[PDB]
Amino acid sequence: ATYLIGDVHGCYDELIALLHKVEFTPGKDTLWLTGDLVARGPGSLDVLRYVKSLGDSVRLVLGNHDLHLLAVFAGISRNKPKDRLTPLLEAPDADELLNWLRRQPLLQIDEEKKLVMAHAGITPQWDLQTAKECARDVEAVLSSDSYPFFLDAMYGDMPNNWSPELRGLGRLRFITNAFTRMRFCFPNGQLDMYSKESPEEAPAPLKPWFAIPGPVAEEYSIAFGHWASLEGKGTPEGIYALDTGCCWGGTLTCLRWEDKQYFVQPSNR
């Protein structure tokens, strides 16, 4: 079976209990994770160790908190106490865990299920081939010896409009925001980087990225995490919002792909 779980945010206890509920069996089963494995929750260190041990029984995409973790580790960015990253940053195997973490994809595609995963979704301004090229480009810089320069360059909110003629730092920033930060879109598809409210509370003319028809969503299902204020609600057919705010006192949600059945683990916080 194929299982998809949203933002774990260090909620190791709830992750293991959810996986025991469905009797997840490495080897017979595969786990897809929407990223943001770390921060906010108490057990970011245990979650990384466990997800890394899954090997090819796990298909991960990196979220914005994963990237922030890598920026702190490399001394690019300052640690926020609220993130509870210190046990992970101070662990003896932190190098091993974070070098593995930076080599993970931004995008996962399964042609047989016609299923696509990214942390925040697929911008409607991208077709599949553009999405893949963009993920390859940012993954290539993240798995390189020079990744702290990228992590520094990535921070920013412009440009917010895709073009195949975007070059250099601006192309990198947009790619990073589209995969890990996107929520709302203007009618033309351009990213809005500031609103994190629910769709009904958002100011016009903002609509959610998935309410704007795009080439990927028309041929593929898309699963994503990231957008907690959506609460997993209000998406169209074929769009699966899996982040139900576990770290925030919501729930950890698992979707089994074969039968589209949901399993829910309440937050222990």
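One-based numbering along the sequence shown.
The stretch 141 to 149 shows the higher mean C-alpha B-factor when 97 to 105 is compared against 141 to 149 in the entry. Taking only CA atoms, the mean B-factor in the PDB entry is higher for 186 to 194 than for the other of 186 to 194 and 117 to 125. In the deposited coordinates, the residue among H226, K207, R49, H65 with the greatest CA B-factor is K207.
The entry assigns its greatest Cα B factor, within the set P213, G43, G35, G55, to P213. Looking at the C-alpha B-factors along this chain, the one for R173 belongs to the middle third.
When the CA B factors of the chain's modelled residues are split into thirds, the value for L70 lands in the middle one. When the modelled residues of the chain are ordered by their C-alpha B factor, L88 lands in the lowest third. Per the PDB record, residue ranking by Cα B-factor puts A241 in the middle third of the chain. Looking at the C-alpha B-factors along this chain, the one for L230 belongs to the highest third.
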